[PDB]
Amino acid sequence: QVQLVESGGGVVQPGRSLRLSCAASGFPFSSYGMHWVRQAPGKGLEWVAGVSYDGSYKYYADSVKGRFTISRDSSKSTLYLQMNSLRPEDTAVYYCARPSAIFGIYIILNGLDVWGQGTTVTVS
Amino acid sequence: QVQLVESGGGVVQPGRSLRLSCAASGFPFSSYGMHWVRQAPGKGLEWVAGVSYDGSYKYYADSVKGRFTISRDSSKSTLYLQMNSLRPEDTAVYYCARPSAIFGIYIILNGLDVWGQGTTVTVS
Amino acid sequence: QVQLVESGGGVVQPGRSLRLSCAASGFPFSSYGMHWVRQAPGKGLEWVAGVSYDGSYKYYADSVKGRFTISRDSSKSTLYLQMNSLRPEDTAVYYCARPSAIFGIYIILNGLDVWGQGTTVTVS
Amino acid sequence: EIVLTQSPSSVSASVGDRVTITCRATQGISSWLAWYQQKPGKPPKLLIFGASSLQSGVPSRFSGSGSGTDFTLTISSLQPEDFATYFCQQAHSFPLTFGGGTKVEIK
Amino acid sequence: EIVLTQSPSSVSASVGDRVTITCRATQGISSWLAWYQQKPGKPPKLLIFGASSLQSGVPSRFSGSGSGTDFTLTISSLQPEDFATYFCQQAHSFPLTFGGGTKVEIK
Amino acid sequence: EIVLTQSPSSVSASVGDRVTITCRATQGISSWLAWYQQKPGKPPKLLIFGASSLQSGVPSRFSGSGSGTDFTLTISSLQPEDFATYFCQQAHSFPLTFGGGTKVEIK
Amino acid sequence: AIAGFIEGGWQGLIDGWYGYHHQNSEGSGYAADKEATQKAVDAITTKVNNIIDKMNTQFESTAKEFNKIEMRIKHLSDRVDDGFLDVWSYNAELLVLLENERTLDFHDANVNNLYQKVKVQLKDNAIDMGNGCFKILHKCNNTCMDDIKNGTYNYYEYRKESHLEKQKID
Amino acid sequence: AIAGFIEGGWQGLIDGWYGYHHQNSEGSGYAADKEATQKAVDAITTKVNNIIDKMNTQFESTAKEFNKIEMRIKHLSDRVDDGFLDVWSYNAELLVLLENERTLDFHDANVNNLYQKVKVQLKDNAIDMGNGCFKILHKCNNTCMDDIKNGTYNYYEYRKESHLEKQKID
Amino acid sequence: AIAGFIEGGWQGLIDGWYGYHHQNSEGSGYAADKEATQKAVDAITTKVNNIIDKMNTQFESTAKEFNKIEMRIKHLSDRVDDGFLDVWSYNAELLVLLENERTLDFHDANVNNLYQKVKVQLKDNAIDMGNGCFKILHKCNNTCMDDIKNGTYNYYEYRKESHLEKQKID
Amino acid sequence: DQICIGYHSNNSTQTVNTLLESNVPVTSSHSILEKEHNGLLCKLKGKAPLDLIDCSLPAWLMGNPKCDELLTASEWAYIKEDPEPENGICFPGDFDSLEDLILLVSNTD
Amino acid sequence: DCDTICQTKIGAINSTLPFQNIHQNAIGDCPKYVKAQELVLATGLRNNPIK
Ligand SMILES: *[C@@H]1O[C@H](CO)[C@@H](O[C@@H]2O[C@H](CO)[C@@H](O[C@@H]3O[C@H](CO[C@H]4O[C@H](CO)[C@@H](O)[C@H](O)[C@@H]4O)[C@@H](O)[C@H](O[C@H]4O[C@H](CO)[C@@H](O)[C@H](O)[C@@H]4O)[C@@H]3O)[C@H](O)[C@H]2NC(C)=O)[C@H](O)[C@H]1NC(C)=O
Ligand SMILES: *[C@@H]1O[C@H](CO)[C@@H](O[C@@H]2O[C@H](CO)[C@@H](O[C@@H]3O[C@H](CO[C@H]4O[C@H](CO)[C@@H](O)[C@H](O)[C@@H]4O)[C@@H](O)[C@H](O[C@H]4O[C@H](CO)[C@@H](O)[C@H](O)[C@@H]4O)[C@@H]3O)[C@H](O)[C@H]2NC(C)=O)[C@H](O)[C@H]1NC(C)=O
Ligand SMILES: *[C@@H]1O[C@H](CO)[C@@H](O[C@@H]2O[C@H](CO)[C@@H](O[C@@H]3O[C@H](CO[C@H]4O[C@H](CO)[C@@H](O)[C@H](O)[C@@H]4O)[C@@H](O)[C@H](O[C@H]4O[C@H](CO)[C@@H](O)[C@H](O)[C@@H]4O)[C@@H]3O)[C@H](O)[C@H]2NC(C)=O)[C@H](O)[C@H]1NC(C)=O
Ligand SMILES: *[C@@H]1O[C@H](CO[C@@H]2O[C@@H](C)[C@@H](O)[C@@H](O)[C@@H]2O)[C@@H](O)[C@H](O)[C@H]1NC(C)=O
Ligand SMILES: *[C@@H]1O[C@H](CO[C@@H]2O[C@@H](C)[C@@H](O)[C@@H](O)[C@@H]2O)[C@@H](O)[C@H](O)[C@H]1NC(C)=O
Ligand SMILES: *[C@@H]1O[C@H](CO[C@@H]2O[C@@H](C)[C@@H](O)[C@@H](O)[C@@H]2O)[C@@H](O)[C@H](O)[C@H]1NC(C)=O
Ligand SMILES: *[C@@H]1O[C@H](CO)[C@@H](O)[C@H](O)[C@H]1NC(C)=O
Ligand SMILES: *[C@@H]1O[C@H](CO)[C@@H](O)[C@H](O)[C@H]1NC(C)=O
Ligand SMILES: *[C@@H]1O[C@H](CO)[C@@H](O)[C@H](O)[C@H]1NC(C)=O
Ligand SMILES: *[C@@H]1O[C@H](CO)[C@@H](O)[C@H](O)[C@H]1NC(C)=O
Ligand SMILES: *[C@@H]1O[C@H](CO)[C@@H](O)[C@H](O)[C@H]1NC(C)=O
Ligand SMILES: *[C@@H]1O[C@H](CO)[C@@H](O)[C@H](O)[C@H]1NC(C)=O
């Protein structure tokens, strides 16, 4: 019942823009912070961005700073990642991950208990 | 050996004044706060006034505010209740009660361990 | 291996000056405070002066105030007591004593664990 | 003002019965409750202070319990000299207030 | 940035073996470490959080230990379904960082 | 100035005796008392610090007790080498002060 | 004259555990913080009762006799009671030692908590003397003193008067 | 509107145990002190685990049967288990009672420690309202609020602006 | 350069547990609060001795042998010692864990208590830097530094000089 | 002009475990658990034990000829016996109530 | 030729520390037997020196 669904990935030329969507259901989406984690083909996991539950605070990895913008829609229970000035090194499978809560508080810095199947972004 | 003695009650016309006296003996009267508690015939107990050990602080029920004045005499070990503008609803048996001490401190807010026989005030 | 050595005592006329030396070895002399303790012939022990490890703080008994000056040399691991305006009542055997450390901190106010053989000052 | 609601207003029982009287407060008074026994024509007598502590010279068949809002006075085995009216009094803050009262009477 | 160094980069073992994977951090991350299991084509699965706590629905043969800088993930008795790639993730501070990864493969 | 009053000024005893020496302070010095043993012509030797702690290399027949104002040094079973003068020293505050002294001598 | 909690307790504070002393034009006197005394009295009473009432024990028996040729079983019974004697004695000693130190710290925290509440009310309308007392930089009549003890003192009401008194000190 | 820790907790603080609430021109909101929450979560988790994991026990046995003419030995076994039942029950009760009181004090100290850090940063560029909130004597934009929560607020940067706002209050 | 207790301890403080560091025209150096070190050393020594000396035990025996046909009695003796082993081990572990946490808190309170005493002496003749250090708003010569460490610093003596230095900062 | 409040630090590598934290470095510590024994059999409060050489307790008490005779009045704080004594009950037969007898004779004045 | 207040069959425990993990059985004035590997009380401060 609790699972995320990514969408919006595809083949894109260098320098263009994409917006990813992460549709959440089964849990109080507006209580959790959210993260985007990408994985290049054959490589490891890289965290790119994160946003607080109310969207007031946003954190970005240096590799996507100034080009990626995270955001969320409370009424649609959806998380977004706007990706600008795309580069071939941005090519990866992009996951939206939910940080685990503990002691009943939704801490954004924790392990990631829920992931979606991921969406593929190919820049070439 | 430890007991109080009320006096000064009697039949009084409406609007007149009375002063009650509570003679204490057997205990350090000047260390305790003191209270006056009245009981209308056939009714329950009503607290009317209280005074700290040194007389610096005084507390009154709303029903007697501005008309009753509590006071004490350290040298005579006597507690007083000056009753002005007496009304038929002031008719009651008036007791002076000693709050219980605990842990060696004479707290004014506690149960009442010592009572006198009471004095009767009839307003009609 | 750990022991002090006093020197500089001798026969001296009233009003003259002497400087005592306490050569320390076997221990980190610059971590301890130091004290001078004198004993008149046939009498008890009297503390006269003390100095902190870095020499910044100095303590004197009233009997030698303004006439005695304590001091130390870090490079020579030596403690000094400059004695001015000597009086017959200053005649005593003079010891330099090390305060004991405890819990790993070199507290100057403690018992004295190390003493030298002492040096004799005779004022007459 | 903290109001104390005493239940029942009265009860009838015989000697050796177990009698329960409750006192309900509008707000938390922690442990500052007192229980009094009053025979007609006589001043009240302090039985329980601290909502459970037995006053010196009071038989052990009188017991009190409770904390915060609900309090109970229990007479385990009634005696002839226990037929009287009982009041609960709060000592949390001024004004001092009493319960409506409970008369224990023979059947 | 806190960097997590995972050892070994890969290891080969058979079913029933005991497998040890270590994760080393440049600075103290207390207990904020996570372990993930990832089969090809599938998202990572949370196995261990708090560097030792077992995630609900994960067999008890997976265990984690460590605090501060050095952490260890142990599979006591390997199973056929345990052949995958394993990642350690820190949760001490932003940016979130992962280890290089460890593939457990058949010999 | 804190003054230490030592009692007795002297005492005579034989080998194997139990010897008690007391040290009285004008004000609370907590535990900062020391006991010293001094043979003629020699510097004092530290026996007890902290008013009870035995100094390393000192036989267990020497013991000290006390706190605040009254302190006691006890030699359970005297030995030939224990005949000397004993001093109590406070370490609470400057100026450091000593007791009058106690000579233990043969009868 | 008259200092605060830094230099010790008050023999004049008799109607409570914690309180205040004041001096202004209209007089002086002691007054207990009744509510703080109430809250601490409940805590201390609960702690003592918990240490006492939690001792819920099984029925104690004195049947510890074995026959003449079973002295080894009697010794086992003897050392069983010795073991529990050592366990209860050691735990009871350190329980009292630990709780007594914490109880004294509990009173210190309560006293300090009254001192902080008054300090944050007066702000810079008063000067902290460092002995547990405050030097009010304005006239504080008996109503003003009661407002401080009730937590209803107004900073901005006496602010201008205090400011002029402060610049005189400067 | 909106008060601090003196008057109770916040239902709006959901992403941490301890945090802050702000209001300026650009808006308002809650924000948890993530690091302080991290440090306290480790402490509480360690305390519970220590109380649980330290119970390293010998192998428990149910062989407590003696023959028909050895009822006294059976009674000795019965009272041995009664003794350990009393020991463990009493120690377990007071362990939970003591630790629970200390755990609540632990949270209070952590909350007070955040309050002191903000107080010493703002110094007199703000007025302590006494309810756990501070009345900034200058405009504090969203960057300024983040600097306070990160411990990088500069006293001398807003010092002149705060001084003029203070003398108006005087 | 040179910060206070907020950022950690001092390797240069060797003559005491708690102390001060100063800097003025005449130089700099470390100095231990000897009296505070004295009071804490007594407390720690008493705590260790109480944990050690309170272990007043009955005479320990090794006579735990029963005959060949009394193996059940031997098992009862075996599990009796197992029970006490579990009781003492668990209590000893949590005793050390609890006391160690309290001992570290004890040192923190002592350090904070020195920081509060200096803070209330300097009042607003100094600026709290937030790192355990104070920025004296006036010249504080070596006599002045000793007065602060002895608790005899006078607020009104340097008050005018500090006020002029403060308005420059504003 | 500055004054700071600080505390003591050193190079001690000692760590202690608290109820909230593990392996906390401390400037000094004190162990309350004795982990060492001298590996010797000693007197107990200055009272010597009884050494059975190579004889069991029943053999020594009954006077096995290969066992040392008690020639003089003696005392002992405890009885030391070899794990597998060379000289025991030389003439086959059960020694009754040995465990009870041990309680009587292990510590004598 | 030694004297102890506590004796075990593998060696003497001449100690006044309240606990010991040496041997389950002993004689005399002895510490309580525990299975703890270490019981270390903190006496000093947190050793976290400034860099
Ligand atoms: C053989 O020996 C054993 C041990 O001594 C006896 O067992 C004890 O029996 C007494 C009485 O039967 C028990 O005490 C009772 O416990 C009840 C449960 O208490 C728990 O729950 C309540 C809430 O319901 C809590 O308040 C309490 O703290 C406990 O957590 C109570 O409900 C009983 O209350 C009675 O007393 C109060 C006044 O004290 C009255 O107000 C009540 O109305 C009620 O009358 C009571 O406290 C005790 O727990 C038993 N202990 C054990 C170890 O078994 C046997 O009775 C004895 N056999 C014989 C024949 O004497
Ligand atoms: C008869 O009954 C007894 C009592 O139940 C059993 O004895 C227990 O046996 C278990 C397992 O053999 C013991 O547990 C082990 O303890 C080892 C030592 O632990 C200490 O040291 C480590 C650091 O090295 C500390 O972390 C720890 O807290 C202790 O301070 C551990 O090294 C073992 O670790 C094992 O488990 C972990 C996961 O839990 C793995 O990661 C490890 O790799 C390793 O596999 C383990 O914890 C226990 O201590 C014994 N207790 C007693 C009282 O003896 C007997 O086994 C039993 N007999 C039979 C035949 O069943
Ligand atoms: C069989 O086994 C038992 C247990 O081991 C032995 O009993 C112990 O005997 C010793 C010595 O007889 C006891 O120790 C003594 O306790 C006395 C009372 O102590 C309490 O009161 C004092 C204040 O008066 C407190 O300071 C103390 O903390 C206690 O609260 C002390 O007065 C004794 O002091 C002696 O020693 C000190 C130095 O340590 C000297 O300065 C004194 O002058 C004095 O000589 C002493 O401490 C112990 O308490 C007993 N324990 C038990 C459980 O009984 C038996 O002795 C033993 N039988 C044989 C034959 O050996
Ligand atoms: C109670 O509140 C729930 C949300 O709060 C969350 O869950 C609790 C258990 C804690 O973990 C808290 O820290 C979390 O923020 C709701 O899901 C639930 O419906 C509410 N229940 C009621 C009856 O209103
Ligand atoms: C001691 O003081 C008594 C009055 O103090 C009261 O009693 C003590 C026990 C505590 O409860 C304290 O809080 C109370 O205020 C006098 O009655 C008594 O005479 C005095 N004794 C002497 C010897 O002076
Ligand atoms: C470590 O430091 C030592 C000096 O420090 C002193 O000793 C320690 C044990 C504590 O008591 C501390 O308070 C003292 O100030 C040196 O003697 C030693 O050589 C140093 N060791 C190393 C390896 O550098
Ligand atoms: C105390 O001050 C207030 C403030 O103006 C005033 O209203 C009140 O009358 C004063 N009371 C007395 C007794 O002067
Ligand atoms: C005292 O404070 C209470 C709130 O706790 C308030 O209702 C009351 O009016 C105040 N009274 C005075 C005289 O300050
Ligand atoms: C906040 O204030 C700083 C200080 O001048 C300024 O640099 C920054 O632009 C301001 N931000 C906004 C959003 O006004
Ligand atoms: C927050 O504080 C850290 C130091 O802990 C510092 O490195 C960082 O630059 C600060 N960032 C902001 C936005 O204040
Ligand atoms: C320090 O200042 C005081 C205050 O005037 C002065 O009396 C003293 O001489 C000064 N000391 C030095 C060394 O300047
Ligand atoms: C230090 O303080 C003491 C009081 O504790 C006082 O008697 C002494 O004169 C002071 N000395 C200095 C130099 O401040």
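Virtual Cβ from ideal backbone geometry, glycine too; neighbours counted across all protein chains shown. Here, each number is a calculation from the coordinates, and none is a lab measurement.
Across segment E:65-90, the qualifying residues are those that are under 20 Å from H:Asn49 (Cβ atoms) and away from chain A (no Cβ under 14 Å), and the one among them that is farthest from ligand 10 (Cβ to nearest atom) is E:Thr74.
Would segment F:38-48 turn up any residue that is outside any loop (DSSP other than H, G, I, E, B), in contact with an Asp or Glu (Cβ under 8 Å, 6 or more places away or on another chain) and surrounded by 12 or more Cβ atoms within 10 Å (Cβ to Cβ)? Yes, the conditions are met somewhere in segment F:38-48. Restricting attention to segment J:43-65, does a residue exist that is exposed (fewer than 13 other Cβ atoms within 10 Å of the Cβ), of a type outside the set (D, E, K, R) and not in a loop (DSSP other than H, G, I, E, B)? No - not one qualifying residue is present in segment J:43-65.
Within segment I:109-155, take every residue that is facing chain J (nearest Cβ under 10 Å), basic (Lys, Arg) and away from ligand 12 (no atom under 16 Å from the Cβ) and give me the one that is surrounded by the fewest Cβ atoms within 10 Å (Cβ to Cβ). Out of the qualifying residues, it is I:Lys139. Kindly indicate whether I:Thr45 is more than 10 Å from chain K (Cβ to nearest Cβ), away from ligand 7 (no atom under 16 Å from the Cβ), closer than 30 Å to F:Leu33 by Cα and among the hydroxyl-bearing types (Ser, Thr, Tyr). No: the conditions fail for I:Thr45. Please specify each residue of segment D:52-107 satisfying the condition of being hydrophobic (A, V, I, L, M, F, W, C) and either in contact (Cβ under 8 Å) with a residue 60 or more places away in the chain or out of contact with any strand residue (DSSP E or B) (no Cβ under 8 Å at 6 or more places or on another chain) (or both). D:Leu78, D:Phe87, D:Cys88, D:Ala91, D:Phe98, D:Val104, D:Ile106, listed by residue number. The residues of segment G:119-128 that are farther than 15 Å from G:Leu164 by Cα and either touching a residue at least 40 places away in the same chain (Cβ under 8 Å) or among the acidic types (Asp, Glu) (or both) amount to a single one, G:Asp128.
Beta carbons closer than 9 Å, at least 6 apart along the sequence or on distinct chains, pair a first residue in segment H:1-23 that is of a type in the set (S, T, N, Q) with a second that is away from ligand 9 (no atom under 16 Å from the Cβ) for H:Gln23/H:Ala1; H:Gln23/H:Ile2. Counting only strands (runs of 3 or more DSSP E) that fall entirely inside segment B:33-124 and contain at least 2 residues that are within 11 Å of chain D (Cβ to nearest Cβ) and either without any contact (Cβ under 8 Å) to a residue 24 or more places away in the chain or under 25 Å from G:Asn142 (Cβ atoms) (or both), the qualifying elements are B:34-39, B:45-51, B:58-60. On inspection, D:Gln6 does not qualify as within 14 Å of chain B (Cβ to nearest Cβ), under 26 Å from B:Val5 (Cα atoms) and more than 16 Å from ligand 11 (Cβ to nearest atom).
Residues in segment I:99-108: is at least one without any contact (Cβ under 8 Å) to a residue 24 or more places away in the chain and closer than 30 Å to I:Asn142 by Cβ? Checked against the condition, which is being without any contact (Cβ under 8 Å) to a residue 24 or more places away in the chain and closer than 30 Å to I:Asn142 by Cβ, segment I:99-108 yields at least one hit.
Condition first: hydroxyl-bearing (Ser, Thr, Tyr) and either buried (at least 17 other Cβ atoms within 10 Å of the Cβ) or over 12 Å from the mean Cα position of the chain (by Cα) (or both). Now tell me which residues in segment B:48-70 satisfy that. Passing the criteria: B:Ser52, B:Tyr53, B:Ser56, B:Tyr57, B:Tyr59, B:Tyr60, B:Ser63.
Within segment D:1-39, the set of residues being hydrophobic (A, V, I, L, M, F, W, C) and closer than 19 Å to B:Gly44 by Cα comprises D:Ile2, D:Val3, D:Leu4, D:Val11, D:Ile21, D:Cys23, D:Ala25, D:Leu33, D:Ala34, D:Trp35. For segment G:82-103, state whether one or more residues are in contact with a strand residue (DSSP E or B) (Cβ under 6 Å, 6 or more places away or on another chain) and not aromatic (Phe, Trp, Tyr). Looking through segment G:82-103, none of the residues is in contact with a strand residue (DSSP E or B) (Cβ under 6 Å, 6 or more places away or on another chain) and not aromatic (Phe, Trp, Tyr).
Taken as a whole, segment G:60-71 holds at least one residue that is farther than 30 Å from I:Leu97 by Cβ, away from ligand 4 (no atom under 16 Å from the Cβ), surrounded by fewer than 18 Cβ atoms within 10 Å (Cβ to Cβ) and of a type in the set (A, V, I, L, M).
Among the residues of segment J:26-40, at least one is over 30 Å from I:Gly8 (Cα atoms), more than 16 Å from ligand 9 (Cβ to nearest atom) and among the aliphatic types (A, V, I, L, M). Inspection of segment B:71-81 identifies no residue that is within 16 Å of ligand 5 (Cβ to nearest atom) and surrounded by 20 or more Cβ atoms within 10 Å (Cβ to Cβ).
Mind checking whether some residue in segment J:17-27 is away from chain K (no Cβ under 14 Å), away from ligand 12 (no atom under 16 Å from the Cβ) and touching a helix residue (DSSP H, G or I) at 6+ places or on another chain (Cβ under 7 Å)? Within segment J:17-27, not a single residue is away from chain K (no Cβ under 14 Å), away from ligand 12 (no atom under 16 Å from the Cβ) and touching a helix residue (DSSP H, G or I) at 6+ places or on another chain (Cβ under 7 Å). May I ask you to list the residues in segment J:41-58 that are of a type in the set (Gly, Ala, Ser) and within 13 Å of chain K (Cβ to nearest Cβ)? Those that are of a type in the set (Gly, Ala, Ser) and within 13 Å of chain K (Cβ to nearest Cβ): J:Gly46, J:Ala48. With out of contact with any strand residue (DSSP E or B) (no Cβ under 8 Å at 6 or more places or on another chain), farther than 18 Å from I:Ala63 by Cβ and of a type outside the set (A, V, I, L, M, F, W, C) as the only criterion, which of J:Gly88, J:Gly93 stands out? Step by step, each of J:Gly88, J:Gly93 is checked, and only J:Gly93 is out of contact with any strand residue (DSSP E or B) (no Cβ under 8 Å at 6 or more places or on another chain), farther than 18 Å from I:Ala63 by Cβ and of a type outside the set (A, V, I, L, M, F, W, C).
Tallying residues that are closer than 17 Å to K:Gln7 by Cβ, at the interface with another protein chain (Cβ under 7 Å from one of its Cβ atoms) and in a loop (DSSP other than H, G, I, E, B) within segment J:28-40 yields 5.
Search segment G:23-44 for residues being assigned to a strand (DSSP E or B) and surrounded by fewer than 21 Cβ atoms within 10 Å (Cβ to Cβ), and hand back the single one that is farthest from ligand 5 (Cβ to nearest atom).
Step by step, filter segment G:23-44, then rank; the result is G:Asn24.
Taken over segment H:82-101, residues that are at the interface with chain G (Cβ under 9 Å from one of its Cβ atoms) and not hydroxyl-bearing (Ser, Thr, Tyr) amount to 12. Note on segment G:1-39: among residues that are among the charged types (D, E, K, R) and over 14 Å from the mean Cα position of the chain (by Cα), the one that is nearest to B:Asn110 (Cα to Cα) is G:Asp15. For segment A:17-32, a tally of residues being assigned to a loop (DSSP other than H, G, I, E, B) and out of contact with any strand residue (DSSP E or B) (no Cβ under 8 Å at 6 or more places or on another chain) returns 1. Close contacts from segment I:51-67, counting a first residue that is facing chain K (nearest Cβ under 7 Å) and within 30 Å of J:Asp96 (Cβ to Cβ) and a second that is surrounded by 15 or more Cβ atoms within 10 Å (Cβ to Cβ) and aliphatic (A, V, I, L, M), with Cβ to Cβ under 6 Å and a gap of 6+ residues or different chains, come to I:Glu60/K:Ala26; I:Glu60/K:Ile27; I:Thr62/K:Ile27.
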